[PDB]
Amino acid sequence: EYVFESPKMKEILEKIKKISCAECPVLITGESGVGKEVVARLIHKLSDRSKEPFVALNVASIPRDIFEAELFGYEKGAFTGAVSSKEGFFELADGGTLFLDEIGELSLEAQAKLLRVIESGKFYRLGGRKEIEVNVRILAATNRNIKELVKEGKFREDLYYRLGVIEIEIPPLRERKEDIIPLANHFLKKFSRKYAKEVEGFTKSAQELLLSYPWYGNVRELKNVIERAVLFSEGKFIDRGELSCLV
Amino acid sequence: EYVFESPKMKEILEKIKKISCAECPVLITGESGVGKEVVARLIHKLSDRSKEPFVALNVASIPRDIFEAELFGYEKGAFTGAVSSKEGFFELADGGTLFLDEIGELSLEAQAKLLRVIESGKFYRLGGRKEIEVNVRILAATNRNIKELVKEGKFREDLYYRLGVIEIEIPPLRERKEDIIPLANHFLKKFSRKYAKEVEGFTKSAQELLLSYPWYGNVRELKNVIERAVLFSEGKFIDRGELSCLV
Amino acid sequence: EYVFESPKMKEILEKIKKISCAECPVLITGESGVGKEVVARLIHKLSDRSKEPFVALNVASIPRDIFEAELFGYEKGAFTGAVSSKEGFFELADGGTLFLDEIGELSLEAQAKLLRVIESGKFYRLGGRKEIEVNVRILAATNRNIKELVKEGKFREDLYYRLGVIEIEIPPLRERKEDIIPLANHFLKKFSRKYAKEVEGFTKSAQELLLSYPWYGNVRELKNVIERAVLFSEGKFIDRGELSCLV
Amino acid sequence: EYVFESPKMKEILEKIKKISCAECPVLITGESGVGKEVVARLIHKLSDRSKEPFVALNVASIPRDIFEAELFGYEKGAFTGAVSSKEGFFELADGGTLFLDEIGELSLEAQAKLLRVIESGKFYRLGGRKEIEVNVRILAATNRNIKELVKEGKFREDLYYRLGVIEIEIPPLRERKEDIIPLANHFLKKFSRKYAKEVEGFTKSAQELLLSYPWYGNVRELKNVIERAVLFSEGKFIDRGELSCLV
Amino acid sequence: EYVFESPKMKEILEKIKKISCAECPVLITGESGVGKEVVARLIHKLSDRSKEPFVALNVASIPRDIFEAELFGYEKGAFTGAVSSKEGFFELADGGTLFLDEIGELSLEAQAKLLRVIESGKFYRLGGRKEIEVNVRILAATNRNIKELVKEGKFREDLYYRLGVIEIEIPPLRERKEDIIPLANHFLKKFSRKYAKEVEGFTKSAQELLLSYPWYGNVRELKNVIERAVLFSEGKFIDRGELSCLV
Amino acid sequence: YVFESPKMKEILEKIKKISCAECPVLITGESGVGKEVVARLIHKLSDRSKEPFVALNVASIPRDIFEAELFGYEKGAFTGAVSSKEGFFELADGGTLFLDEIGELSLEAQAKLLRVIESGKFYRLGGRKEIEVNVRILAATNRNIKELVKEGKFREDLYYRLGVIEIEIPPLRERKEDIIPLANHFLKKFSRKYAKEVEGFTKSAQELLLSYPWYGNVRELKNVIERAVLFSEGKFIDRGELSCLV
Amino acid sequence: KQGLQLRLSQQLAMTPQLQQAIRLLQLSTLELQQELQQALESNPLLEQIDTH
Ligand SMILES: Nc1ncnc2c1ncn2[C@@H]1O[C@H](COP(=O)(O)OP(=O)(O)OP(=O)(O)O)[C@@H](O)[C@H]1O
Ligand SMILES: Nc1ncnc2c1ncn2[C@@H]1O[C@H](COP(=O)(O)OP(=O)(O)OP(=O)(O)O)[C@@H](O)[C@H]1O
Ligand SMILES: Nc1ncnc2c1ncn2[C@@H]1O[C@H](COP(=O)(O)OP(=O)(O)OP(=O)(O)O)[C@@H](O)[C@H]1O
Ligand SMILES: Nc1ncnc2c1ncn2[C@@H]1O[C@H](COP(=O)(O)OP(=O)(O)OP(=O)(O)O)[C@@H](O)[C@H]1O
Ligand SMILES: Nc1ncnc2c1ncn2[C@@H]1O[C@H](COP(=O)(O)OP(=O)(O)OP(=O)(O)O)[C@@H](O)[C@H]1O
Ligand SMILES: Nc1ncnc2c1ncn2[C@@H]1O[C@H](COP(=O)(O)OP(=O)(O)O)[C@@H](O)[C@H]1O
Ligand SMILES: [Mg+2]
């Protein structure tokens, strides 16, 4: 359904296919608009646990003082307020896949809390006196260079090796000059049919402008520009001036 | 009710009328006191969500330690003192419009929390174990140029790309010489009835003076000046002397 | 109880009389001991809110991390400690006047947290899902040149025009030579009546001395000097010798 | 009681007697060890609130975050961790006298918290909506020149004119050559009974050395030297050899 | 099965055999991925109390507010919500081995409590009355330089002396070159059965490459590289080119 | 505790002489010499023998909560103050407070410390009542306190207040006569603690103890003796086991 | 760290559950009647048996 016309994207797809029989946690590194969520969901679908639940978590939205409670759960009576026992996110992803997005936004105090769950997967609930054994497949996505953060002191050295078993780097859309055109057409079919418009193609000058225009926002910026062009179009095609003011 | 006489604002009005069927996020930039919230409300009225709540939220005053809790909701037993269930703004405004005022005041730590709720509309409540999706229209208003802040590094680039699907820029009142007289007349007619003032028009010298003041406060300053003139008015016509505060 | 013998004071009083029916917020600027509180309370008394409660609050007296709680109140379950629903100071002065004392010392962050409340009167409590509408006339007092602080970047320009509908300037007492003799006589009479002193006026040399010193605390310094003289007085008439602390 | 021999001490005592009938706040300036607290206690006894409690506080140790919490108290829901209401220092000193040691060292930011309480006497607790009126006499002692701090942009002039109504100056021991022998004899007699050394007086050389020395620590340093001499002597009279701690 | 083909490793193993029968706390300091958990479990296995439970816990996995409620336990009625009393982890390892992972993350109060428990030998419940006695063998493993922590003040010196009676330092894998080859061949076969990938071993060039790479993760990085090679290889011999890209 | 050297005998006699002295006592020297031992001896030999000996090190005290440990707080005073806490002065009411390594304290904290000592009265952070206590102050210093004062990193008034009686303990580097008794005492104590038959060190190994400069002094000596006991397999300890540690 | 902060916390709370209907034991009959009179005044649904 997506577009993987670039040979580098074909290599990444082949690497995704080659880890169908694997279960070690996977790390994804790249810029914005590259398809980290797309790669994670493709790996999940090609994995044998595709039918299993897939839980995606952003580590920046969990409150600081309840970090242990959410990811580990608690029994009734553990603290004032624990009137009913709850199951954590990890046990929700027991037998499935857990995808951590924006994992570089994790405070150093919260990073050391995940050393043993990644390796062994065994943890004790808040107020739980019996060990819990689970099977979790871990995927992580980051928008910054993890090696630089490790060498700089903003990221734990142990956590990078725990998570960095298989590293995938998504190239920017700028290097993927052969993917802009196949995407730009597809987004058109995503927009006009949703808006009941009469645009069925792009002019050669518009295509050349899109090729020359640098996509810092990559696929997201391309989609935004194409959607704006479709919104403010008038005719059966998109001329140069319809998108020149934007890109 | 409102007045739109300047030819440049006519293009903005036409763009608003051309996105009546759209539901994508909208970002608005402009100087202080130009009417960004008025433009947002005008866009809301013309939208298909006109019969839906228009939840306007100030993100510059939300406490940080409960910021997520104030935008995601919480379950019973999530923390001590939470003896009841409650929601956030996203669930309370489902199917409506959420308008964030002064989006630039947000700190970097808070800007990394909505990255997975603006696009897909999904999140998790504090202590909840069931995924929830909402369909809301996201609008934002700001005064500082977001692009230059991203270049400097005081705002998230990916969040800017996500929010900046359609950007509307309001020019300063000094560039708009075709609305100063109509807005002054509208303010005079509005304030001549609240205090039963006998003022019925302005003087030619006063009108000439109105075309020279830079209008630092723009529409708000013009409204305040008209109110001061009405309150301190003796004759039926406002002479240039009563507008000496603009000299 | 209040002496207004200087022509500028009479002009200020007449302007106050003209704005008795005016409900817009007012900002007062002056020096230390000029009478900002007295003028503000006179404005409050002459307005329609004569019998309404007059809530005078200092912004700097509130901690930073509970500023929003003290400003808007909170609902049950908002935080660890939100035992019951509590109203804010704005809801405390419903229908009356709110007096922001020493508004100049307010930090930039706090000035961005009250931009929607002043102009519209609508704000949501911490944990409350219902909108609160309040009607309070705002009088702010400052000893700083806010019109220069907005240029210097130490004050937010957005709030300046929200508090700049009406601006009052109180000239220093050293320019109010028509007030020095009457204020000195009134203070001497009051301090003789309270302290059971048998003094009933000044001497001509003392009067000449009181009209030549460059007072810096203005009326408050004059009151302090008069009280000091009355305490150490030893005769029915006060001479220049008692007022040796001037020059 | 307290021994005063020098003419300056007699004049200070007479001025205290004269102004005891006054309820004005007092500001005392001197050095470290000049006996400002003793003078303040004498003032409290000689006033009409001698039977009323006297609360003396060293404001150089109060944390900044709990400054308002200690001064104004708080209610049940003021912040996190509080369960019960707490009184303020002003309320604890209501109907009495409040003394502030080393007011010069106070931070410039926190000086705004005492601008209105001293004059108006009305304030609100943290988390409360009720105004509280007291009757407390403010005494402040400092070893630094307040006026110099005001001139160099370190002190709030409004607070100065609030407290600078009654001024007291205590010269150091270097100008108290007459008042060295009585203090030395009093301290020797006290410590002889304290440590059971039974020492009666001093010899000629010891008295000459004590009188000739320009004490910098003043009465405190003299008392410490006397205590050390008592601890390290076995004769009936202390000679210069036992006073080797001096220069 | 574990491989130890290094003379330093053999000496460390003999030390493990000698001390495994002792009754003193053990402190394990080493680099990342050296086998601290492996060493601790080897100590537990080669002991008279090998049948006893091995309670391995992480000091960063315990919330502070329930630390005394987790490592020690609590009784019924000592706090709200306490339906039933629950034992602590300390009583769980009675007569066995308690392992503390990353001991350097403990707070000052937590370290003080741990020192109290270790010195006294008997502790108390959270809200109990009787005193509980245990016979635990305490092991703790950390990678931080404890000398820097004690010099800065993040670890109690007396606690370090008590726990650090014996210091076990696993040499870095860069100093264990002679042991590098047997380890990888242990993984290469193990993954070959695990992932059904047919492989016989490495070549001369690959072995020379492995002995030249400056490993930082020690065992963990080597294991990750071997697993990557097994996944991304179909041939029976791993060549230099296959491992060169990973390096 | 064992003291056999003439310097140690003089130290013990001086401590017994200052037993009747109630003034605060300062002790200085090198690391691992027995400043805490000497302070406890002073505590036992004085009239305050039954009173607690509240000994703490000022190195681990956090900067921002120093006052929280100086006076104490009540319930609800601040975030994290679930209950009330008593400062070391309140805990040592009538006892002896021993501040170890006082020379490393920050300057601003020191100015807030002796002020409590001289007046003797203090307020809890969150308490409305003034607290009056009586304490005896013992201080320990690891560096040259006079040199620190001359460098502007200390207070002269605090030095004078705690300098009423000052003691210097020579380190183990100049106490070779105690080396054999201390080694024998530690050897016997560890042998009886770990229940292993060890008689004593041989003639060959006795040279290494005197050859060792003993930078760590008695702490390092005890650690080395315990480690040698743990790895010992016979009733006699040779020079080989000590060689691996030295 | 000293500071008045608004946050979400997971803490243990003691059991101060007391001080209700306990002050009615220490009072005499006359003061109890006075308290009952106050309660009757403040509550419209409370009435006391009479004889008129
Ligand atoms: N090959 C592709 N074909 C079609 N759409 C794509 C492709 N790659 C990415 N997209 C689109 O890019 C959009 C932006 O999400 P994307 O997966 O790129 O996230 P991102 O910017 O890398 O980061 P985040 O993990 O925070 O979502 C998605 O809605 C997806 O539809
Ligand atoms: N075309 C118009 N006709 C009449 N009034 C207008 C018009 N445009 C703007 N205004 C007036 O301008 C006033 C100031 O606008 P607004 O409140 O949006 O300013 P702001 O300070 O930039 O807002 P914000 O609260 O988002 O910071 C509004 O109260 C509105 O009544
Ligand atoms: N016309 C007057 N007649 C009598 N007293 C006056 C007059 N004007 C000012 N005062 C005196 O001035 C003193 C200070 O007044 P006020 O409280 O307004 O001062 P301020 O420094 O301007 O106030 P704030 O800083 O609190 O806004 C009062 O004690 C008041 O009695
Ligand atoms: N002798 C060995 N033979 C085989 N594998 C070994 C050996 N020693 C260690 N390992 C491997 O080392 C891996 C990591 O070791 P371990 O669990 O002790 O980590 P660690 O050093 O405590 O980690 P961290 O310091 O990062 O928390 C284990 O999964 C284990 O397979
Ligand atoms: N004469 C001795 N006999 C036996 N053990 C001794 C002797 N002197 C010192 N020790 C040992 O030295 C160790 C450290 O003692 P102590 O803490 O009193 O010294 P310190 O480190 O110099 O003091 P401080 O840190 O308090 O300034 C203790 O374990 C004690 O048993
Ligand atoms: N008239 C006096 N008689 C006896 N002692 C005095 C007298 N005046 C001052 N002192 C002594 O001087 C000391 C000064 O203490 P205090 O006033 O607290 O500090 P400062 O003088 O720095 O303000 C007191 O301890 C007191 O004993
Ligand atoms: Mg480990």
Side-chain angles (χ1 to χ4, degrees), chain A residues 1-5 9 28 30-41 56 58 99 101-102 141 143 170 173 176 179 182-183 186-187 190 217-220 222-223, chain B residues 115-116 119-120 158 161-162, chain C residues 1-5 9 28 30-41 56 58 99 101-102 141-143 170 173 179 182-183 186-187 217-220 222-223, chain D residues 115-116 119-120 158 161, chain E residues 157-158 161, chain F residues 1-5 8 27-40 55 57 98 100-101 140-142 169 171-172 175 178 181-182 185-186 189 217-219 221-222:
Chain A
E1 184 177 359
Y2 302 97
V3 172
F4 302 100
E5 295 293 335
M9 297 307 300
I28 305 174
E31 293 187 0
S32 180
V34 302
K36 298 144 61 177
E37 183 78 37
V38 176
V39 170
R41 295 199 176 277
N58 179 26
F99 165 76
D101 185 67
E102 295 285 353
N143 44 2
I170 313 181
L173 184 59
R176 296 158 51 183
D179 292 5
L183 285 170
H186 169 268
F187 304 146
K190 178 178 291 298
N218 299 267
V219 177
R220 171 172 285 99
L222 172 58
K223 289 196 307 301
Chain B
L115 310 180
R116 293 189 59 87
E119 288 283 347
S120 57
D158 63 320
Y161 278 122
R162 285 176 169 82
Chain C
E1 184 175 352
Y2 296 147
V3 161
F4 303 98
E5 258 76 311
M9 306 308 297
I28 309 176
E31 298 186 354
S32 64
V34 296
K36 302 191 301 294
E37 173 85 12
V38 163
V39 173
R41 300 197 79 90
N58 186 15
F99 177 79
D101 193 67
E102 300 294 330
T142 175
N143 68 91
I170 303 180
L173 186 59
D179 302 354
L183 289 178
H186 184 200
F187 285 154
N218 303 270
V219 192
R220 184 175 298 111
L222 180 57
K223 178 187 181 61
Chain D
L115 291 180
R116 300 191 56 85
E119 291 187 341
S120 177
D158 310 63
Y161 282 117
Chain E
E157 186 185 19
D158 48 3
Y161 287 163
Chain F
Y1 303 93
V2 183
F3 318 104
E4 200 62 34
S5 185
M8 304 306 300
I27 307 176
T28 176
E30 205 175 342
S31 302
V33 302
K35 304 181 189 61
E36 177 184 340
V37 178
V38 166
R40 292 188 69 92
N57 183 21
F98 173 80
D100 189 4
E101 203 172 352
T141 309
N142 199 26
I169 309 175
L172 188 53
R175 290 172 60 253
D178 319 68
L182 293 188
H185 183 264
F186 294 154
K189 187 176 181 180
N217 292 323
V218 204
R219 187 79 68 174
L221 168 62
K222 176 179 298 181

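Note that these values count all heavy atoms, side chains included, but never hydrogens, waters or copies made by symmetry. As the structure lists them, so they are numbered: ligands from 1, and atoms in each ligand from 1. Below, read A as the first sequence line, B as the second, and so on, with proteins coming before strands; counting in each chain starts at 1.
By the ring-ring contact (aromatic ring centres under 6.0 Å, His included) test, A/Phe99 is found to be paired with no residue, residues two or more places apart in sequence or in another chain being considered. For the salt bridge (charged side-chain N to carboxylate O under 4.0 Å, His left out) test, no residue two or more places apart in sequence or in another chain qualifies with F/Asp100. In terms of the side chain to side chain contact (heavy atoms under 4.5 Å, CB included) criterion, residue partners of F/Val33 (sequence neighbours excluded) are, by chain and number, F/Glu30, F/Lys35, F/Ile169, F/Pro171, F/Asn217.
Between B/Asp158 and A/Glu102, the closest side-chain pair of non-hydrogen atoms falls below 4.5 Å.
Using a 4.0 Å cut-off between charged nitrogen and carboxylate oxygen, E/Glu157 and F/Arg219 do not count as a salt-bridge pair.
Taking OH of A/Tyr2 as the reference point, atom CG of A/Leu183 lies at 12.0 Å (rounded to 0.5 Å).
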Polar pairs, ligand 1 vs protein, N/O only, below 3.5 Å.
residue  : atom   : partner  : partner atom : Å
ligand 1 : 1 (N)  : A/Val3   : N            : 3.4
ligand 1 : 1 (N)  : A/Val3   : O            : 2.9
ligand 1 : 3 (N)  : A/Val3   : N            : 3.3
ligand 1 : 18 (O) : A/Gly35  : N            : 3.0
ligand 1 : 21 (O) : A/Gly33  : N            : 2.7
ligand 1 : 21 (O) : A/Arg220 : NH1          : 2.8
ligand 1 : 22 (O) : A/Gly35  : N            : 3.4
ligand 1 : 22 (O) : A/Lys36  : N            : 3.4
ligand 1 : 25 (O) : A/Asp101 : OD1          : 2.9
ligand 1 : 26 (O) : B/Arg162 : NH2          : 3.0
ligand 1 : 27 (O) : B/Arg162 : NH2          : 3.4

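Looking at F/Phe3 next to ligand 5, no N or O pair under 3.5 Å apart turns up.
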